[PDB]
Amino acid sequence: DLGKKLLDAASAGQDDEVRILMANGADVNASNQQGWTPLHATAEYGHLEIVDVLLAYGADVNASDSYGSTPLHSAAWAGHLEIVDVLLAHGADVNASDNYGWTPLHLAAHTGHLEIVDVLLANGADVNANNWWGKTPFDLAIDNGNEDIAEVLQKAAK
């Protein structure tokens, strides 16, 4: 009940509505049928202040949806650097692997977020991680023409 309202408000980036819903007992770990939580939604859409509130109410920083994606995956893919840092500070698994073996580092390398790549590496990201297809973040950076990222990954490997 409050769960969908929370997901909707969190998705729409409505800080005050989220705070009201939480203060009135909404389940911080509510999720839709696909395992998508308010923390996922705020991580993908870039709503930093809402991420902060959810974590304060004990949101599972490592919640995994139906596809194996965590909020750190979402933030790395959407390219939200400050949210990536906040998730990591709250214990997000830097090497979480989704159902096709993509890690947040894979997502950042593919989408071209160099600063997020740097942050992930500094927080222990596995440069050698192979997804289900046997590809590393380096491979993805090469495939998508992200040369500076490819150079950083190649140097980090050894």
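So that there is no doubt, residue numbering starts at 1 and follows the sequence shown.
Visitor: 130-138 versus 17-25: which one carries the higher mean Cα B factor per the record?
Guide: Higher mean C-alpha B-factor in the PDB entry: 17-25.
Visitor: Can you let me know which of the two, 41-49 or 110-118, has the higher average C-alpha B-factor in the entry?
Guide: That would be 41-49.
Visitor: What's the residue among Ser97, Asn123, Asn62, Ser31 with the greatest CA temperature factor in the PDB record?
Guide: The record points to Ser31.
Visitor: Compare the C-alpha B factor of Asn146 with those of the other modelled residues in its chain, then answer lowest, middle or highest third.
Guide: Its C-alpha B-factor, which the entry lists for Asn146, ranks in the lowest third among residues of this chain.
Visitor: Using the B-factors in the PDB entry, rank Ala89's C-alpha atom against the chain and give the third, lowest, middle or highest.
Guide: It belongs to the highest third of the chain when residues are ordered by C-alpha B-factor.
Visitor: Would you please rank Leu55 by its C-alpha temperature factor against the other modelled residues of its chain and give the third it falls in: lowest, middle or highest?
Guide: It belongs to the highest third of the chain when residues are ordered by C-alpha B-factor.
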